[PDB]
Colleague: 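Quick one: structure below, then a few questions.
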Amino acid sequence: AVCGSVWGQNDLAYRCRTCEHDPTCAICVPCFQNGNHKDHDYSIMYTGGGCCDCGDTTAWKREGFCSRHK
Ligand SMILES: [Zn+2]
Ligand SMILES: [Zn+2]
Ligand SMILES: [Zn+2]
């Protein structure tokens, strides 16, 4: 249902300003790759570590969920 990926400080992840509900939101690289963000305002970057928001309706717009957590 909600991605259980976690990553550390020096691990890349994705922000998407089109899909996020808060600037602190982020999704893991595989969730980004398996979703649809063309023409979105997204950036690969470091986030200080985190837990993936893919699948969480409180953190991420449903249209931005990957195929595996939709
Ligand atoms: Zn997006
Ligand atoms: Zn994920
Ligand atoms: Zn996902």
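Start at 1 with the first residue, then count along the sequence. Worth knowing before you read on, the calculation uses all heavy atoms, side chains too, and leaves out hydrogens, waters and symmetry mates. For ligands, and for the atoms within them, numbers begin at 1 and follow the listed sequence.
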Colleague: Taking atom SG of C51 and atom CH2 of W7, what is their separation to the nearest 0.5 Å?
Modeller: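 Rounded to the nearest 0.5 Å, the SG-CH2 separation comes to 7.0 Å.
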Colleague: What do you reckon, is CZ of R17 surrounded by more than 12 foreign heavy atoms closer than 6.0 Å?
Modeller: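 Yes.
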Colleague: Among the N/O/S atoms of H37, which is closest to the Zn ion (ligand 1)? Give the atom name.
Modeller: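 Nearest to the Zn ion (ligand 1) within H37's N, O and S set: ND1.
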Colleague: So which N/O/S atom does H40 have closest to the Zn ion (ligand 1)?
Modeller: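 The atom in question is ND1.
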Colleague: Above 12 or not: heavy atoms from other molecules or residues under 6.0 Å from CG of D41?
Modeller: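 For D41, atom CG is crowded (more than 12 foreign heavy atoms under 6.0 Å).
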Colleague: List-wise, which protein N, O or S atoms are found short of 2.8 Å from the Zn ion (ligand 3)?
Modeller: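 As for protein N, O or S atoms lying under 2.8 Å from the Zn ion (ligand 3), they are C31 SG, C54 SG, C66 SG, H69 ND1.
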Colleague: Measure the OH-CG distance between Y46 and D11 for me, rounded to the nearest 0.5 Å.
Modeller: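 Separation between the atoms: 8.5 Å.
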Colleague: Within rounding of 10°, what is the angle whose vertex is the Zn ion (ligand 1) and whose arms end at SG of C19 and SG of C16?
Modeller: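 The SG/SG angle about the Zn ion (ligand 1) sits at 120°.
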Colleague: Does a sphere of radius 6.0 Å around CG in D39 hold more than 12 heavy atoms from other residues, nucleotides or ligands, not counting ones at 6.0 Å or beyond?
Modeller: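 Open: at most 12 neighbouring heavy atoms sit under 6.0 Å from CG of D39.
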Colleague: Determine yes or no for a side-chain-to-main-chain donor-acceptor pair under 3.5 angstrom, with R62 supplying the side chain and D56 the backbone.
Modeller: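 Between the backbone of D56 and the side chain of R62 there is no qualifying donor-acceptor contact (under 3.5 Å).
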Colleague: Using a 4.5 Å cut-off on heavy atoms from C-beta on, say whether the side chain of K61 contacts that of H21.
Modeller: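 Sidechains of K61 and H21: in contact.
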